[PDB]
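Visitor: Input: one structure, supplied below.
Every number here is computed from the coordinates shown, using simple stated rules; none is lab data. Positions of Cβ are generated from backbone atoms using ideal geometry, with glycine treated the same way; all protein chains shown enter the neighbour counts.
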Amino acid sequence: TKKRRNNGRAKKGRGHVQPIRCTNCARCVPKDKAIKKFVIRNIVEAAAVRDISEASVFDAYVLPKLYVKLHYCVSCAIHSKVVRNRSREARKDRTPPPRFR
Amino acid sequence: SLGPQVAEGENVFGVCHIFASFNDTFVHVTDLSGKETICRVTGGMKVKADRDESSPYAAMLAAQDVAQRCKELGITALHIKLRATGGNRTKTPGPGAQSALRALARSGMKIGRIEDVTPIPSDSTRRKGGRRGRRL
Amino acid sequence: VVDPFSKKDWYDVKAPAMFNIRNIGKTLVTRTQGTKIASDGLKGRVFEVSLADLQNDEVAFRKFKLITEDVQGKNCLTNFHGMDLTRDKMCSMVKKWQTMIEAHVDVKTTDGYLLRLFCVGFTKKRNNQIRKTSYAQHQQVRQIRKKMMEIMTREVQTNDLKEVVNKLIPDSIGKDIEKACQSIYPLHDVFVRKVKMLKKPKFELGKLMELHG
Amino acid sequence: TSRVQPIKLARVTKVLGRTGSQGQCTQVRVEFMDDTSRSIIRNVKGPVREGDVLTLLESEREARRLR
Amino acid sequence: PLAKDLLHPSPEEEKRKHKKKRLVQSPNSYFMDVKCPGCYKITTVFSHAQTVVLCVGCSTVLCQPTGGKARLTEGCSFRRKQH
Amino acid sequence: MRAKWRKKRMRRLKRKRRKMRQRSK
RNA sequence: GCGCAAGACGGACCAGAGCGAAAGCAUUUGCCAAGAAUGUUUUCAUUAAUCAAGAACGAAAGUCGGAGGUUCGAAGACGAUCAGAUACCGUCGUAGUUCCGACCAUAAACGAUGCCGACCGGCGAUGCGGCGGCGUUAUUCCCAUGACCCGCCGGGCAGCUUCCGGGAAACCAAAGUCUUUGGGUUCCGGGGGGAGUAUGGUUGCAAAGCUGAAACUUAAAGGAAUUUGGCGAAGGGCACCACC
Ligand SMILES: [Zn+2]
């Protein structure tokens, strides 16, 4: 039984792409098949941001962020509840969930 | 053993490295040039249990040790230099760096520019493991 | 066992007149024991700073490498060694669905100072644009890289280190880059990301005194 | 550890849902009357009606969800 | 369309279509003539030159080879001829 | 019963039969 | 933290994007050679399509000779896990991994769908080249130039929808134009095991690659989808025969 419209990745005219490595795993999943994440994280999220700011010598100093990205294998991503399964009638929904915060 | 800088005029500025992996926490402090050090402390200094090597309490105790050492030496303002693991293993640091920095800010020191000095490669050699991964 | 802070001196360095703020920090070297002089121990030192610690009130996300050259007692004289941006700014300016252009020329100055200037460039998305892709062809990037290398190697080979640094404290090379490269494809973000030094001439003292005034 | 905790008083206004491993810890939103600018969220075990004064001895850290 | 008449549509319909999908078969390019502003002799040139051409008398080059139609030298008067 | 290790073991017995037929003279 | 030295690789930029017959291909620069598409009122004039013989290329792993081999890492060595592990896990670790030659021609080398050519609907996008048309950007006026926008043309990866139509259904704008059955052409299969097995030939130093049985047993082996199952699957709600 064929499952999807595509083959499950972003290979449609190439045949082979470069392999990448997972973060919590080490599987050599291809780049067009894996799951990426462009996460933005501050140095202090909500824990002691006022304690950091009031201890700062420089007036009007803003904390920087950490723009790092991670690569997940499919089993590693489904174990960490990153992606979730759904039904067949809504499986053709490429649109991401909405962003608010 | 004592510095000629006055505690009423301005504050001195050193740099301190924090290396915070998923199972180890280093808190090291050196001079501004980085040639010579001041003191150093790991997570597993007083807590002899291995399981607390990556814990908020060990990082908090390490930051208190740096706090007491820098207060008896007279070092007030610090630049925090954060390192996650180094190399091609991971990129996101653990939760020990957060507790170490908030315990440094809790004691009473002053902070300046903070940044990340993680040795990011262009791309390194083969990762420690196999093709199928570190399954468990 | 015993604290060696009894044998611990306290020295200070001085920024050149090419900057504005003279004092940047302090160092803690040990004493002199005849066979172990502390004069050479102050030689091999690189000081890491920011822009607001040296110049006046403007934006500050750049770093400067400062290496000492000679000491005579209770003071140190330094000089330019390298320049670099912030890693946070570098990893923030990398945008998805935008291309990046880089170039380098090992350009030699008037004196024996040899540098290695790096450059980076990102294209500009227009306000009228509806297409989200906004890429450029390979020959466009090649000609942009050729113009960038020629402009960057023209401004360094004609002058000494102090003049090109004083041109490098504001954005003059970058202002020339988005002045001259917008005729082929509009780009908005060019910083000199890193300047690496390779070789120096014979060591002297008049240059070291004249960079401080 | 040499920390001092001054006596500060709180008064609840809104109550959030009831958390915990077995489901007994209650998340509440307090409002100080020493100053009308600081509100902290903690865990309380017991009946709390909205608009009732609450006792505190230390206030520097918030509360997690379950563990 | 059901009863789409392909005998004689509007000329815009044959204009928008391809040169070979057109039901009466005819190309789109044409012949032209153009002179030099400081000369008397005027010569003819095809719309797609594919070689660089100069006007007679060996005074000033006239056209330039492009992927499409040949672009003319600035400041030259011309008109399309037809028969 | 999958085909890979079945084919591997049966290739091993193929090689054993080949060497036995070689040295059977 | 500062220098020296070796080897490997070129992240983020990198996309349901490009190129190539496929296997495959990402630091800049310099040289050589080839090619799709676009445009053409240029030239030869049937040079055409598919192909038994035969031929080229071909991921990794494998064998023969070398300088040199960072990191990772078959077989193996040492500890914990385990009723029992010579498995998962950790530390070392040889052959290998990279380069120059010499070879076998095997993958889920899969779009599990041969090539050419004609036809049958739409929508909005991206990539190349050409084309027409408001208005902005390279010291304020024109021109074509690079970019922005609105439409058209040809080829390619495509996406959405469609009682066109097809199919056992999954699904397909081809897997359609088929009992209303014939466009041209190459390879290839008749219930399931035995068995890609033995023999024979063939190539190879080497592993094996190609070719390819018989006896006997067997009435099922298989493909699609539905109904409550049953999940150390996910997500909601309830119970003091559950908990606080
Ligand atoms: Zn994983």
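Visitor: Mind listing whichever residues of region B:87-99 are away from chain A (no Cβ under 11 Å) and closer than 12 Å to B:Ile18 by Cα?
Guide: To start, the set of residues in region B:87-99 that are away from chain A (no Cβ under 11 Å) comprises B:87, B:94, B:96.
Selection gives B:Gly94, B:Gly96.
Visitor: Scan region D:18-67 for residues that are assigned to a loop (DSSP other than H, G, I, E, B) and of a type outside the set (S, T, N, Q) and report the count.
Guide: Residues meeting the conditions: 26.
A quick yes/no check of all residues on (1) in a loop (DSSP other than H, G, I, E, B); (2) within 18 Å of the chain's Cα centre (by Cα); (3) on the phi > 0 side of the Ramachandran plot:
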{"residue": "C:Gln55", "(1), (2), (3)": "yes, yes, no"}
{"residue": "C:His81", "(1), (2), (3)": "no, yes, no"}
{"residue": "C:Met90", "(1), (2), (3)": "no, yes, no"}
{"residue": "C:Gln139", "(1), (2), (3)": "no, no, no"}
{"residue": "C:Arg142", "(1), (2), (3)": "no, no, no"}
{"residue": "C:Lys147", "(1), (2), (3)": "no, no, no"}
{"residue": "C:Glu155", "(1), (2), (3)": "no, yes, no"}
{"residue": "C:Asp171", "(1), (2), (3)": "yes, yes, no"}
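Visitor: State all residues of region A:11-33 that are without any contact (Cβ under 8 Å) to a residue 24 or more places away in the chain, more than 10 Å from chain B (Cβ to nearest Cβ) and more than 9 Å from RNA strand G (Cβ to nearest atom); if no residue qualifies, say none.
Guide: A:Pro30
Visitor: Moving to a separate point now. Looking only at residues in region B:1-29 that are part of a loop (DSSP other than H, G, I, E, B) and of a type in the set (S, T, N, Q), which one is nearest to the other protein chains (Cβ to nearest Cβ)?
Guide: B:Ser1
Visitor: Of everything in region C:53-68 that's within 15 Å of RNA strand G (Cβ to nearest atom) and crowded, with 18+ Cβ neighbours inside 10 Å, which residue is farthest from C:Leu211 (Cα to Cα)?
Guide: The residue in question is C:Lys63.
Visitor: Report, by residue number, each residue of region C:88-111 that is touching a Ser or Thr at 6+ places or on another chain (Cβ under 8 Å) and of a type outside the set (A, V, I, L, M, F, W, C).
Guide: Of everything in region C:88-111, those that are touching a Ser or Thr at 6+ places or on another chain (Cβ under 8 Å) and of a type outside the set (A, V, I, L, M, F, W, C) turn out to be C:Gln98, C:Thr99, C:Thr110.
Visitor: Please list, ordered by first then second residue, the pairs with beta carbon atoms under 7 Å, 6 or more apart or interchain, first in region A:34-61 and touching a residue at least 40 places away in the same chain (Cβ under 8 Å) and more than 8 Å from chain B (Cβ to nearest Cβ), second of a type in the set (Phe, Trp, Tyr) and surrounded by 11 or more Cβ atoms within 10 Å (Cβ to Cβ).
Guide: Here the result reads A:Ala34/A:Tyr72; A:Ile35/A:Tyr72, each pair linking region A:34-61 to a residue that is of a type in the set (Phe, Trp, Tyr) and surrounded by 11 or more Cβ atoms within 10 Å (Cβ to Cβ).
Visitor: For region A:59-68, give me the residue count where each residue is over 29 Å from the mean Cα position of the chain (by Cα) and either outside any loop (DSSP other than H, G, I, E, B) or surrounded by 14 or more Cβ atoms within 10 Å (Cβ to Cβ) (or both).
Guide: Number of matching residues: 1.
Visitor: With the requirement that a residue be near RNA strand G (Cβ under 7 Å from one of its atoms) and either of a type outside the set (A, V, I, L, M, F, W, C) or on the phi > 0 side of the Ramachandran plot (or both), what does region B:117-136 give you? Give the steps one after another, and end with the answer.
Guide: Applying the first criterion (near RNA strand G (Cβ under 7 Å from one of its atoms)) to region B:117-136 yields B:117, B:120, B:122-130, B:134-136.
B:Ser122, B:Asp123, B:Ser124, B:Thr125, B:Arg126, B:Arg127, B:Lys128, B:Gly129, B:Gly130, B:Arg134, B:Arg135, listed by residue number.
Residues checked against (1) within 14 Å of the chain's Cα centre (by Cα); (2) away from the ligand (no atom under 16 Å from the Cβ):
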site: B:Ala49; (1), (2): no, yes
site: B:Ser55; (1), (2): yes, yes
site: B:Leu61; (1), (2): yes, yes
site: B:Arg69; (1), (2): no, yes
site: B:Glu72; (1), (2): no, yes
site: B:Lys128; (1), (2): no, no
site: B:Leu136; (1), (2): no, no
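Visitor: Which residue out of A:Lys69, A:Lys65 is within 16 Å of the ligand (Cβ to nearest atom), within 14 Å of chain C (Cβ to nearest Cβ) and in contact with a strand residue (DSSP E or B) (Cβ under 8 Å, 6 or more places away or on another chain)? Walk me through how you get there before you give the answer.
Guide: Values: A:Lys65 fails: within 16 Å of the ligand (Cβ to nearest atom).
The unique qualifying residue is A:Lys69.
Visitor: Right, something else. With the structure loaded, tell me whether C:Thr110 is surrounded by 12 or more Cβ atoms within 10 Å (Cβ to Cβ), among the hydroxyl-bearing types (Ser, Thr, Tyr), in a loop (DSSP other than H, G, I, E, B) and within 14 Å of chain B (Cβ to nearest Cβ) or whether it fails that test.
Guide: Against the criterion (surrounded by 12 or more Cβ atoms within 10 Å (Cβ to Cβ), among the hydroxyl-bearing types (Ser, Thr, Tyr), in a loop (DSSP other than H, G, I, E, B) and within 14 Å of chain B (Cβ to nearest Cβ)), C:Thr110 does not qualify.
Visitor: In addition: Kindly list the number of the only condition in (1) within 10 Å of chain A (Cβ to nearest Cβ); (2) in contact (Cβ under 8 Å) with a residue 12 or more places away in the chain that fails for B:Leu136.
Guide: (2)
Visitor: Among the residues of region B:68-86, is any of a type outside the set (A, V, I, L, M, F, W, C), assigned to a loop (DSSP other than H, G, I, E, B), more than 20 Å from B:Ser21 (Cα to Cα) and at the interface with another protein chain (Cβ under 10 Å from one of its Cβ atoms)?
Guide: Narrowing region B:68-86 to residues of a type outside the set (A, V, I, L, M, F, W, C): B:68-69, B:71-72, B:74, B:76, B:79, B:81, B:83, B:85-86.
Imposing the further condition that a residue be assigned to a loop (DSSP other than H, G, I, E, B) reduces the set to B:74, B:76, B:85-86.
Subsequent filtering for residues that are more than 20 Å from B:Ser21 (Cα to Cα) retains B:74, B:76.
From what is left, the residues that are at the interface with another protein chain (Cβ under 10 Å from one of its Cβ atoms) are B:76.
There is at least one residue in region B:68-86 that is of a type outside the set (A, V, I, L, M, F, W, C), assigned to a loop (DSSP other than H, G, I, E, B), more than 20 Å from B:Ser21 (Cα to Cα) and at the interface with another protein chain (Cβ under 10 Å from one of its Cβ atoms).
The rows are residues; the columns are (1) within 10 Å of RNA strand G (Cβ to nearest atom); (2) under 29 Å from C:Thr86 (Cβ atoms); (3) buried (at least 20 other Cβ atoms within 10 Å of the Cβ).
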position: B:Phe22; (1), (2), (3): no, yes, no
position: B:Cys39; (1), (2), (3): no, yes, no
position: B:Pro56; (1), (2), (3): no, yes, no
position: B:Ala59; (1), (2), (3): no, yes, yes
position: B:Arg83; (1), (2), (3): yes, yes, no
position: B:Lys110; (1), (2), (3): no, yes, no
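Visitor: Working only within region C:82-98, note down all residues that are more than 19 Å from C:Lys63 (Cα to Cα) and surrounded by 16 or more Cβ atoms within 10 Å (Cβ to Cβ). Walk me through it before giving the result.
Guide: Within region C:82-98, the subset more than 19 Å from C:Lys63 (Cα to Cα) is C:94-98.
C:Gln98 - this is the single residue of region C:82-98 that is more than 19 Å from C:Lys63 (Cα to Cα) and surrounded by 16 or more Cβ atoms within 10 Å (Cβ to Cβ).
Visitor: Follow-up. Under 7 Å by Cβ, and 6 or more places apart or on different chains, what pairs join a residue from region E:1-28 that is part of a loop (DSSP other than H, G, I, E, B) with one that is surrounded by 10 or more Cβ atoms within 10 Å (Cβ to Cβ)?
Guide: Short answer, once both residue conditions are applied: E:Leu6/E:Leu23; E:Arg22/E:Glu14; E:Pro27/E:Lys19; E:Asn28/E:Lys19.
Visitor: Against the definition (within 12 Å of the ligand (Cβ to nearest atom) and closer than 27 Å to B:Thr118 by Cβ), how does A:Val82 come out, yes or no?
Guide: Yes, satisfied.
Visitor: Residue by residue through region C:45-67, note down the ones that are β-branched (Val, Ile, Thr) and free of Cβ contacts under 8 Å to residues at least 24 places away in the same chain.
Guide: Passing the criteria: C:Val59, C:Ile67.
Visitor: Could you go through region C:108-115 and let me know if any residue there is touching a helix residue (DSSP H, G or I) at 6+ places or on another chain (Cβ under 9 Å) and among the small types (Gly, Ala, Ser).
Guide: Within region C:108-115 (the criterion being touching a helix residue (DSSP H, G or I) at 6+ places or on another chain (Cβ under 9 Å) and among the small types (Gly, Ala, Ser)), the answer is no, since none of the residues qualifies.
Visitor: Scan (1) basic (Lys, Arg); (2) more than 12 Å from chain B (Cβ to nearest Cβ); (3) closer than 21 Å to A:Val82 by Cβ; (4) away from the ligand (no atom under 16 Å from the Cβ) for the single condition A:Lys2 breaks and write down its number.
Guide: Of the numbered conditions (1) basic (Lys, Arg); (2) more than 12 Å from chain B (Cβ to nearest Cβ); (3) closer than 21 Å to A:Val82 by Cβ; (4) away from the ligand (no atom under 16 Å from the Cβ), the odd one out for A:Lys2 is (3).
Visitor: In region A:4-43, how many are among the charged types (D, E, K, R), exposed (fewer than 12 other Cβ atoms within 10 Å of the Cβ) and within 13 Å of the chain's Cα centre (by Cα)?
Guide: Here the count works out to 1.
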